[PDB]
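Asks: File start_25.txt below, compact mmCIF, C-alpha atoms and all ligand atoms:
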```txt
# COMPACT_ATOMS: atom_id res chain seq x y z
CA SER A 1 -4.92 8.99 11.73
CA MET A 2 -2.22 6.32 11.78
CA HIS A 3 -4.81 3.86 13.10
CA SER A 4 -7.22 4.43 10.23
CA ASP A 5 -4.36 4.50 7.70
CA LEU A 6 -3.14 1.11 8.91
CA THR A 7 -6.65 -0.35 9.15
CA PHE A 8 -7.16 0.47 5.47
CA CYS A 9 -3.73 -0.95 4.56
CA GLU A 10 -4.71 -4.26 6.13
CA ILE A 11 -7.96 -4.41 4.15
CA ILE A 12 -6.16 -3.60 0.90
CA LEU A 13 -3.49 -6.21 1.59
CA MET A 14 -6.14 -8.86 2.24
CA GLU A 15 -7.88 -8.02 -1.03
CA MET A 16 -4.57 -8.21 -2.88
CA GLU A 17 -3.64 -11.56 -1.31
CA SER A 18 -7.02 -12.96 -2.38
CA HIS A 19 -6.94 -11.60 -5.95
CA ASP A 20 -6.86 -14.04 -8.86
CA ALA A 21 -3.75 -12.31 -10.28
CA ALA A 22 -1.80 -12.40 -7.01
CA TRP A 23 -0.22 -15.82 -7.59
CA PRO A 24 3.25 -14.46 -8.58
CA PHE A 25 3.47 -12.20 -5.54
CA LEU A 26 2.39 -14.22 -2.50
CA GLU A 27 5.90 -15.31 -1.47
CA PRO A 28 9.42 -14.01 -2.11
CA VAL A 29 10.89 -14.96 -5.46
CA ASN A 30 13.29 -17.86 -4.87
CA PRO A 31 16.67 -16.86 -6.37
CA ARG A 32 17.74 -20.50 -6.82
CA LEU A 33 14.96 -20.91 -9.41
CA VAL A 34 15.11 -17.52 -11.14
CA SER A 35 18.51 -16.81 -12.63
CA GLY A 36 19.54 -13.20 -12.27
CA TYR A 37 16.84 -12.21 -9.78
CA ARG A 38 18.91 -11.65 -6.62
CA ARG A 39 21.68 -10.03 -8.69
CA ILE A 40 19.39 -7.60 -10.55
CA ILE A 41 16.53 -6.76 -8.16
CA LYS A 42 18.10 -4.85 -5.27
CA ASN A 43 14.88 -4.36 -3.25
CA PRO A 44 12.76 -7.53 -3.49
CA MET A 45 9.26 -7.41 -2.04
CA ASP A 46 6.20 -9.66 -1.86
CA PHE A 47 2.85 -9.81 -0.09
CA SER A 48 3.93 -12.25 2.65
CA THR A 49 6.77 -9.94 3.65
CA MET A 50 4.34 -7.01 3.69
CA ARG A 51 1.91 -8.96 5.86
CA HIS A 52 4.70 -9.85 8.31
CA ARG A 53 5.76 -6.20 8.63
CA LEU A 54 2.21 -4.85 8.84
CA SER A 55 1.16 -7.35 11.52
CA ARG A 56 4.19 -6.40 13.64
CA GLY A 57 4.05 -2.61 13.49
CA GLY A 58 6.60 -2.34 10.72
CA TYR A 59 4.67 0.37 8.87
CA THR A 60 4.25 3.64 10.73
CA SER A 61 2.52 5.32 7.80
CA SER A 62 0.39 4.21 4.89
CA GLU A 63 2.77 5.99 2.50
CA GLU A 64 5.47 3.47 3.44
CA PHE A 65 3.06 0.57 2.95
CA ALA A 66 2.24 1.84 -0.55
CA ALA A 67 5.96 2.18 -1.27
CA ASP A 68 6.38 -1.54 -0.61
CA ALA A 69 3.33 -2.43 -2.73
CA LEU A 70 4.69 -0.37 -5.63
CA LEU A 71 8.05 -2.12 -5.24
CA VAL A 72 6.31 -5.44 -5.90
CA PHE A 73 4.92 -4.11 -9.16
CA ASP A 74 7.99 -2.10 -10.20
CA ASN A 75 10.26 -5.12 -9.68
CA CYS A 76 7.88 -7.23 -11.74
CA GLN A 77 7.87 -4.69 -14.59
CA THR A 78 11.65 -4.46 -14.51
CA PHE A 79 12.27 -8.18 -14.71
CA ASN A 80 9.42 -9.66 -16.76
CA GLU A 81 8.28 -9.14 -20.32
CA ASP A 82 4.92 -7.42 -20.68
CA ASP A 83 3.44 -10.42 -22.51
CA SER A 84 4.54 -12.99 -19.91
CA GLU A 85 2.14 -14.54 -17.41
CA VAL A 86 3.94 -12.90 -14.48
CA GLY A 87 4.25 -9.56 -16.27
CA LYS A 88 0.56 -9.50 -17.19
CA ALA A 89 -0.38 -10.30 -13.59
CA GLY A 90 1.81 -7.45 -12.33
CA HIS A 91 0.01 -4.92 -14.53
CA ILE A 92 -3.38 -6.26 -13.36
CA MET A 93 -2.35 -6.06 -9.71
CA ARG A 94 -0.91 -2.55 -10.01
CA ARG A 95 -4.13 -1.27 -11.56
CA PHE A 96 -6.19 -3.00 -8.86
CA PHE A 97 -4.00 -1.59 -6.07
CA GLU A 98 -4.12 1.95 -7.43
CA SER A 99 -7.91 1.84 -7.78
CA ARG A 100 -8.49 0.49 -4.28
CA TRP A 101 -5.96 2.91 -2.78
CA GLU A 102 -7.80 5.93 -4.14
CA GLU A 103 -11.13 4.59 -2.85
CA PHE A 104 -9.86 4.26 0.72
CA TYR A 105 -7.62 7.32 0.95
CA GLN A 106 -9.16 9.85 -1.43
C1 LIG B 1 10.83 -12.99 -12.00
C2 LIG B 1 9.57 -12.57 -11.21
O1 LIG B 1 9.37 -11.42 -11.09
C3 LIG B 1 8.61 -13.57 -10.56
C4 LIG B 1 7.64 -13.22 -9.63
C5 LIG B 1 7.33 -11.84 -9.04
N1 LIG B 1 7.00 -14.32 -9.25
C6 LIG B 1 7.47 -15.38 -9.91
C7 LIG B 1 6.91 -16.80 -9.71
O2 LIG B 1 5.90 -16.95 -9.09
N2 LIG B 1 7.60 -17.95 -10.30
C8 LIG B 1 7.13 -19.34 -10.19
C9 LIG B 1 7.04 -19.85 -11.63
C10 LIG B 1 8.32 -20.56 -12.13
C11 LIG B 1 9.60 -20.07 -11.44
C12 LIG B 1 9.55 -20.25 -9.91
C13 LIG B 1 8.14 -20.07 -9.30
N3 LIG B 1 8.78 -19.52 -8.09
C14 LIG B 1 8.45 -19.85 -6.84
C15 LIG B 1 9.26 -19.11 -5.98
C16 LIG B 1 9.23 -19.17 -4.44
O3 LIG B 1 7.90 -18.99 -4.03
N4 LIG B 1 10.05 -18.34 -6.72
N5 LIG B 1 9.76 -18.58 -8.04
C17 LIG B 1 8.50 -14.95 -10.75
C18 LIG B 1 9.31 -15.86 -11.71
```
Hey, can you dump this file as structure tokens for me?

Replies:
Amino acid sequence: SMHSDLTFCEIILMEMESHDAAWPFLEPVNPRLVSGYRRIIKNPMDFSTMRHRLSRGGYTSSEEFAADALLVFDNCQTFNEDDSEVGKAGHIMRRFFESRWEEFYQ
């Protein structure tokens, strides 16, 4: 149901927000500090924005919630080198998200 889908999304988001590797993703990237970011990344996303939307009925399906989570990790992979601290954290967080998603939904 939508209710169970969104209940599970909230649990997964809480686990992501609390994860050791979540530090790059808790708040929107500030374009004033990261040259190129606003110009290059057309669809920015972060966990605080997801929490705002989720808490206010912004997601009507769990598929759309996952689309925003994957945007966080796709943007990170686009912009950051794989060996960088942020890039490494993105790979860790994507693997964690995918594993938890399959537990709850499949
Ligand atoms: C480019 C990128 O993909 C990225 C992500 C997803 N995360 C961060 C990040 O955490 N960078 C901090 C370290 C030094 C630069 C600025 C810091 N910082 C804070 C804010 C606003 O919170 N924006 N950038 C980056 C740099």

Asks: Name the residues within 12 Å of (-6.0, -0.6, 6.9), counting only C-alpha atoms in the file's coordinates, and put them as a ChimeraX atom specification.

Replies: /A:1-15,51,54-55,59-63,65-66,100-101,104-105

Asks: Output as JSON the centre and edge lengths (Å, one decimal) of the box along x, y and z of the file that holds every listed atom of ligand LIG 1 (chain B) after adding 4 Å on each side.

Replies:
```
{"center_x": 8.4, "center_y": -16.0, "center_z": -8.1, "size_x": 12.9, "size_y": 17.1, "size_z": 16.1}
```

Asks: Find the distance between atom CA of residue A:73 and atom CA of residue A:90 and write it in Å to one decimal.

Replies: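 Interatomic distance here is 5.6 Å.
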
Asks: Can you work out which residues are within 9 Å of ligand LIG 1 (chain B), considering only C-alpha atoms and all ligand atoms, and then hand them over as a count of residues only?

Replies: 29

Asks: Quick one: pull the distance between atom CA of residue A:50 and atom CA of residue A:83, Å, one decimal.

Replies: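 Going from atom CA of residue A:50 over to atom CA of residue A:83 covers 26.4 Å.
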
Asks: Just give me the gap between atom CA of residue A:81 and atom CA of residue A:38 in Å, one decimal is fine.

Replies: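 Atom CA of residue A:38 lies 17.5 Å from atom CA of residue A:81.
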
Asks: So, counting only C-alpha atoms, which residue among A:56, A:70, A:17, A:43 is closest to residue A:95?

Replies: A:70

Asks: Could you check which of A:103, A:64, A:85, A:98 is closest to residue A:22, using all atoms listed in the file?

Replies: A:85
